[PDB]
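Visitor: Give me coordinates for this.
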Amino acid sequence: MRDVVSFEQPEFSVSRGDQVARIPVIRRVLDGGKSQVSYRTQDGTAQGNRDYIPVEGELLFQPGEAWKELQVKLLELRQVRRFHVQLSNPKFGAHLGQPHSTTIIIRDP
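Guide: Residues are numbered from 1 along each chain as shown. Have a look at this structure:
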């Protein structure tokens, strides 16, 4: 498979006070053209509009592009909560690699 798109890790840890989770997505084995995948947050114990700002959209990789950083906003309110991000719907010859979902662990300062 070429143009394989994945999260770099299955889990990331962030402090709530950081205001943003910076989530890396990579594309490997580039064939030379564009690739697209969809992405979406999904609540776990962290909930949209309470713990973070939900987002969904498309990641369009132009020729040569090997990574992106998603930025999901974190909201301020011992405590640990998690939300998820999922890749789906590869287009233009893209494929999903492992891991194609990830968990963002929000910890207190």
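Visitor: For stretch 22-38, buried residues please.
Guide: 23, 25, 27, 34, 35, 36, 37 (16 or more other C-beta atoms under 10 Å). For the C-beta atoms, the positions are set from N, CA and C on the backbone; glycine is no exception.
Visitor: Could you do stretch 102-109 as well?
Guide: Across stretch 102-109, burial judged by 16+ other C-beta under 10 Å covers 102, 103, 104, 105, 106.
Visitor: Kindly report the same for stretch 67-83.
Guide: 68, 70, 72, 74, 81, 83.
Visitor: which of the residues you listed lies closest to residue 92?
Guide: residue 68 (15.2 Å; C-beta to C-beta).
Visitor: Which stretches in this protein count as helices?
Guide: Applying DSSP state H to the chain gives no helices.
Visitor: what does the longest strand seen in the chain contact?
Guide: The single longest strand within the chain, with elements called by DSSP state E, is strand 80-91. By C-beta atoms under 8 Å, 6 or more residues apart in numbering, the residues outside strand 80-91 that reach it are 5-7, 23, 25, 35-48, 51-52, 59, 70, 72, 96, 100-108.
Visitor: In contact with the residue lying farthest from the centre of the chain, which residues?
Guide: When distances are taken from the C-alpha mean of the chain, residue 78 lies farthest, 25.2 Å away, according to C-alpha atoms, centre = their mean. Neighbour list for residue 78: residue 108 [criterion: C-beta under 8 Å, 6+ apart].
Visitor: what's the answer for residue 94, then?
Guide: By C-beta under 8 Å, 6+ apart, residue 94 lies in contact with 3, 4, 5, 27, 35, 36, 37, 61.
Visitor: For the closest residue to it other than its chain neighbours, give its distance to residue 22.
Guide: Ranked by C-beta to C-beta, 6 or more residues apart in numbering and with sequence neighbours excluded, the top spatial neighbour of residue 94 is residue 35, at 3.7 Å. Plainly put, residue 35 is 21 Å away from residue 22 if you go by C-beta to C-beta, to the nearest Å.
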